[PDB]
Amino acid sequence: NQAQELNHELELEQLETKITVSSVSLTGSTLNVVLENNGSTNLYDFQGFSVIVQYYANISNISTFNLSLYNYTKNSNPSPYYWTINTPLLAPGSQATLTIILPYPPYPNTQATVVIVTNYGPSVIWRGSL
């Protein structure tokens, strides 16, 4: 293929950004995601990230599909439907912990999907058991 053209449509930073999920752990209704920066861009514009979680919620004892978007906050103890991260800047070759506050504890033995989209475009999907 032809080399990609860098112009008004495509920024090098899109090609240079890469995140992976090292681990996901659940405590109560709190998801702690260890996010790793495997690219060469600094990540700091967290308000510009998108975070989606799909899971099965325990709503009054009923296992109920839930898919929601989560909004960023600098607050270290977020409300439900909010997430935060324990660093002001996630540099290449480092990890940070992204904390997502779910509206309900997950129903046990169900699968969940976490989607994290950087402000630059590139993203990561994690699917698994909690």
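Numbering starts at 1 and follows the sequence shown.
- Per the PDB record, of the two stretches 3 to 11 and 120 to 128, 3 to 11 carries the greater mean B-factor over its C-alpha atoms.
- On average the C-alpha atoms of 71 to 79 have higher B-factors than those of the other stretch, with 27 to 35 and 71 to 79 being the two compared.
- Of all the options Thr84, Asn58, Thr41, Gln54, the entry's greatest CA B-factor is assigned to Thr84.
- In the deposited entry, the Cα temperature factor of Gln95 sits in the middle third of values across the chain's modelled residues.
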